[PDB]
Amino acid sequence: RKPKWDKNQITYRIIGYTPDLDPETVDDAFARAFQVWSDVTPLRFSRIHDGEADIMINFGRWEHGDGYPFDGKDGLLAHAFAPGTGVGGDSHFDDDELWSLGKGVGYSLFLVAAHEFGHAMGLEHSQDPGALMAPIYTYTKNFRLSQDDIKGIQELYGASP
């Protein structure tokens, strides 16, 4: 009934950056976001620096060339497409927002990314208020995956070796 990736080897590339954080910190917040899923499944993520990747990462504001617009400060935060060719799997983040690692003021890039990557793997929203896949953003200092999230991703790719 649902679409998923054919093999467990997926590539990704950060083709656009934001002015709000150091490039090395951005690369780290994105890798940490992928690991939350690879720790409970057989999935493997490899970063490439040339050519097109399975999951293209980017930033944008308002219409950015895909029919699905953003909306300035606050409101929508980001979005991702289901497993598919071409644009499928791509994750876009709104740059009218202030990205940080939570706290002071802004939205945690690590938290929003972990959520969008669940989409790129084939997950939908969850009715569980405490789930990472819930539709609303909530900041928490000590993050941990809920049973609901673990149960859904393992249903699609199996459990961790």
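From 1 onward, residues are counted along the sequence shown.
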Of 97 to 105 and 39 to 47, the stretch whose C-alpha atoms average the higher B-factor in the entry: 97 to 105
Stretch exceeding the other in mean C-alpha B-factor - 25 to 33, 131 to 139: 131 to 139
Top residue by Cα temperature factor, when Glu124, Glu116, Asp54, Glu63 are compared in the entry: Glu124
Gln147 by Cα B-factor - lowest, middle or highest third of the modelled chain: highest
Chain thirds of CA B-factor: placement of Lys4: middle
